[PDB]
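No gaps in the numbering here: position 132 of the sequence shown is 132 in mature numbering (1 follows the signal peptide of the UniProt record, and there is no 0), and each next residue is one more. All C-beta atoms in this analysis are idealised placements derived from N, C-alpha and C, irrespective of residue type, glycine included.
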Amino acid sequence: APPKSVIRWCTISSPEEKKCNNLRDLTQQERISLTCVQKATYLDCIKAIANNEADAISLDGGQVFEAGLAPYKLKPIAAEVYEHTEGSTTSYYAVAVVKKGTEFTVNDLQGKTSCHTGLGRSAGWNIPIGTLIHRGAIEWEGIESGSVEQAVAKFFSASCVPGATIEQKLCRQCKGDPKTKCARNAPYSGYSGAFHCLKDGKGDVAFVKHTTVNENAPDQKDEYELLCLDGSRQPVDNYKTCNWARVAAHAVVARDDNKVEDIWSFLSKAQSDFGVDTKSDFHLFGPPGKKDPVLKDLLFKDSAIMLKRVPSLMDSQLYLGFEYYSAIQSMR
Ligand SMILES: [Fe+3]
């Protein structure tokens with residue numbers, strides 16, 4: 001086999017860096033070994049990867065979009081795989097979780113408080129906000145008229161939107177220290193952070209994914225329910241008949257160069273050794289379960305069960321698909 005080499009993973013929080021460096025220690029004698037570099041935000045990681053300071057990061061589809069734009073031009077090389085009733089899938093469902101018995105519908109969201117995974121993320125932002133704009137609930141004639149943040153802050157009374165910087169109302173519901181409560185890696189960030197924002201009474205609704213309630217409250221699951229687009233409420237387990245969209249899996253992105261082979265070699269081996277069937281204490285994926293949300297979705301989502309290599313000919317637009325890609329274009 002070819003000679004040994006190293007890949008540099010870019011992390012977005014100290015818990016992620018710690019997990020990455022645990023994986024480093026466990027892979028140091030492999031042909032492809034690992035180092036870990038932490039940045040303040042995923043965008044710093046995109047920049048670092050485009051500048052050949054790091055090699056890979058897993059991103060939500062909304063950030064896969066950003067990573068593919070000039071001057072970065074990163075492409076997705078591996079997709080997360082989730083459980084499915086048929087076996088497995090490389091997409092997930094965006095849902096709007098509410099507490100059982102609060103009755104209000106999708107048509108009654110004005111003036112509510114809301115919990116989001118992060119600005120510009122699929123389930124947490126692009127899908128719910130784009131949907132509410134399309135329905136005419138959120139009035140927004142396009143970027144030139146004013147920011148999306150401004151329009152959302154006029155609609156919800158207060159929110160937690162990790163990463164929001166234009167509208168202070170979008171940080172009002174966030175938990176944590178002043179300097180970090182509205183950061184993209186804050187306590188209420190991610191699917192699980194947004195769920196805990198709802199659980200804690202800081203939002204009336206959490207814009208999360210189909211596994212989120214089960215990941216965080218498996219024994220209180222049916223104290224929650226879902227807001228359906230048709231105006232109904234349905235059980236958490238009914239997401240296939242009560243979702244806002246199906247969206248492409250989070251993906252590992254990388255430069256369009258030959259380092260992709262080493263990145264995939266490392267990941268292929270790592271998921272064989274540290275995947276759902278591992279003998280180790282270290283799990284590449286999760287595992288899911290009740291615990292503090294800042295421990296969740298580190299490097300990869302806790303709900304991932306494998307990675308599937310993306311064909312080289314797929315870029316970010318093909319990966320996300322033309323329809324969602326164009327939906328994101330219309331919000332910027
Ligand atoms: Fe996502």
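Inclusion of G68 and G120 in the CB contact set at 8 Å is not warranted, their separation being larger than that value. The secondary-structure analysis by DSSP pairs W9 across a beta bridge with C36, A56. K154 has its alpha-carbon roughly 42 Å from the corresponding atom of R8. Counting along the chain, the unbroken beta strand (DSSP E) around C160 starts and ends at 158–160.
The segment 69–85 makes contact with the segment 245–254: 3 or more CB pairs, one atom from each, lie closer than 8 Å. One alpha carbon belongs to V205, the other to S114, and they sit about 5 Å apart. Shortest gap from the CB of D60 to any heavy atom of ligand 1: under 7 Å. CA-CA distance, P235 to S192, rounds to 18 Å. Here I138 carries a coil assignment [DSSP, helix/strand/coil].
Counting every other CB atom within 10 Å of its CB across the protein chains shown gives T165 a total below 16, marking it as exposed. With respect to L198, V97 sits close: the two C-beta atoms are nearer than 8 Å. Sorting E30, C10, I12 by C-alpha distance to the C-alpha of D273 places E30 at the top. Taking C-beta separations shorter than 8 Å and ignoring five residues to either side along the sequence, the partners of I305 in its chain run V81, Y82, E83, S88, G275, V276, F285, following chain order.
In this chain, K290 is not harboured by any beta strand (DSSP E), its DSSP state being neither H nor E. Taking 4 residues as the shortest admissible run, the segment 200–254 contains the following complete alpha helix (DSSP H) segments, listed from N- to C-terminal end: 212–216.
The Cβ neighbour count for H196, taken over all protein chains shown within 10 Å, is at least 16; the residue is labelled buried. When secondary structure is reduced to three states using DSSP, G87 falls in the strand class. Nearest in C-alpha terms to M331, of all of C160, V152, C45, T85, is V152. When DSSP states are grouped into helix, strand and coil, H116 belongs to the strand group.
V310 carries a coil assignment under DSSP once its states are collapsed to helix, strand and coil.
The count of Cβ pairs closer than 8 Å, one atom from the segment 219–239 and one from the segment 31–45, stays below three, leaving the stretches out of contact. In the structure shown, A50 falls within a helical segment according to DSSP collapsed to helix, strand and coil. Take the alpha-carbon of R255 and the one of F65: they are about 14 Å apart. Of the other Cβ atoms in all chains shown, 16 or more fall within 10 Å of the Cβ of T11; this residue is therefore buried. Cβ neighbours of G118 within its own chain (closer than 8 Å, five residues either side excluded): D60, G124, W125, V161, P162, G163, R184, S189, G190.
Taking C-beta atoms as the reference points, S157 and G111 count as a pair closer than 8 Å. For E17, the closest alpha carbon among the candidates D200, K291, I57 is that of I57. The three-state reading of DSSP puts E17 in helix, counting H, G and I together. Secondary structure at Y92: strand, using DSSP grouped into helix, strand and coil. By the Cβ neighbour-count rule, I32 is buried, with 16 or more other Cβ atoms within 10 Å of its own. Annotation for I143: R332 place their beta carbon closer than 7 Å to its own, counting only its chain and skipping 5 residues before and after.
Apart from sequence neighbours up to five positions away, the residues of its chain that approach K209 with a beta-carbon distance below 8 Å are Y92, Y93, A94, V95, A123, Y191, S303, ordered along the chain. Per the C-alpha coordinates, the member of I133, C174, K301 positioned closest to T211 is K301.
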